[PDB]
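J.: Please work out how this folds:
(one chain, ligands or ions: 1)
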Amino acid sequence: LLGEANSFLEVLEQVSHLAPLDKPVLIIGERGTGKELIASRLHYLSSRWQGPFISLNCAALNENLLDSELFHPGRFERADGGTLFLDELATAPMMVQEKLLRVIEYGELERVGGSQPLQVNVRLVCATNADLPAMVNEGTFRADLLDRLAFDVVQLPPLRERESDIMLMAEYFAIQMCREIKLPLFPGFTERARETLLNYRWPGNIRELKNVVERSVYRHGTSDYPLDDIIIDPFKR
Ligand SMILES: Nc1ncnc2c1ncn2[C@@H]1O[C@H](COP(=O)(O)OP(=O)(O)OP(=O)(O)O)[C@@H](O)[C@H]1O
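T.: Residues are numbered from 1 along each chain as shown. Here you go:
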């Protein structure tokens, strides 16, 4: 994990204290900010580290199949003894959100008839970029679920608020790309390059930075001169 920005370092410190708890954690941050990497850290730094790390994006699946996917068997079942990461929570159906509250509140998976309810031992982590308290007031997120799910909140800073890290990360990603394309040395970034990198708002944050930098190193294609042209938008040219 790259970064030295105070705001990022306070997140890592926080994660180190939260990881051993069995309490549910909410991660707030923009796309591409490393929320999944932090969730993975919460799992590997916990007592449950030898246990499974199951993950699921509540947008990587049809709305009507969330239920049965979550609770065919489900992610909870798979994460038993382990940890479950749920990205994109602010677009889960209310019923899944009320059922989610029940699994949190009661520690067991509801079973209709026949089978008795299934006891699970799962550390939960969720992630989003909504003002969840705003979705509660909007009738789009359950006030009761939030009152219990947000035991604590990890706020991951966007890249534009970790401005000291933009060049550190850009240089790392550029060097890795130089290795991929067999250039002998990364020749550096011009000041024009650095202005471009630092003045851009990075709506896709670290994912976007890596792709931008890699593309730019490739287009440049040489170690003879410093990299001047940062290609933010490949759809222009
Ligand atoms: N601190 C970091 N150091 C190096 N790479 C990072 C860092 N944080 C994120 N990245 C990289 O950026 C990309 C996105 O990270 P990740 O998927 O964890 O973020 P995310 O917030 O979960 O994104 P999204 O919700 O949009 O899927 C990945 O390539 C990841 O390796």
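
J.: With just CA atoms, put stretch 121-130 into PDB.
T.: What follows is stretch 121-130, C-alpha atoms only, in PDB (Å, rounded to 0.1, in the frame of the first residue of the first chain):
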ATOM      1  CA  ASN A 121     -19.700 -16.400  12.500                       C
ATOM      2  CA  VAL A 122     -18.800 -13.600  10.000                       C
ATOM      3  CA  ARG A 123     -17.000 -10.400  10.400                       C
ATOM      4  CA  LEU A 124     -18.800  -7.800   8.200                       C
ATOM      5  CA  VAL A 125     -17.300  -4.900   6.200                       C
ATOM      6  CA  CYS A 126     -19.300  -2.600   3.900                       C
ATOM      7  CA  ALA A 127     -18.300   0.200   1.500                       C
ATOM      8  CA  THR A 128     -20.000   3.100  -0.300                       C
ATOM      9  CA  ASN A 129     -19.600   6.900  -1.500                       C
ATOM     10  CA  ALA A 130     -23.200   8.000  -0.500                       C
END
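
J.: so how far is that stretch from its chain's centroid?
T.: Distance of stretch 121-130 from the chain centroid (C-alpha atoms, centre = their mean, to the nearest Å) equals 10 Å.

J.: And it, what's buried?
T.: 122, 123, 124, 125, 126, 127, 128, 129, 130 (16 or more other C-beta atoms under 10 Å). In short, each C-beta sits where N, CA and C put it, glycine included.

J.: can you check stretch 87-107 too?
T.: Neighbour-count burial for stretch 87-107 [16+ other C-beta under 10 Å]: 87, 88, 89, 90, 92, 96, 97, 99, 100, 101, 103, 104.

J.: That one close to the ligand?
T.: Yes: residues of stretch 87-107 contacting the ligand under C-beta under 6 Å from any ligand atom: residue 87.

J.: how about the residue of the chain found nearest the ligand, what does it touch?
T.: Residue nearest to the ligand within the chain: residue 34 (2.8 Å; C-beta to the nearest ligand atom). When contacts are counted by C-beta atoms under 8 Å, 6 or more residues apart in numbering, residue 34 is found next to 1, 156, 205, 206.
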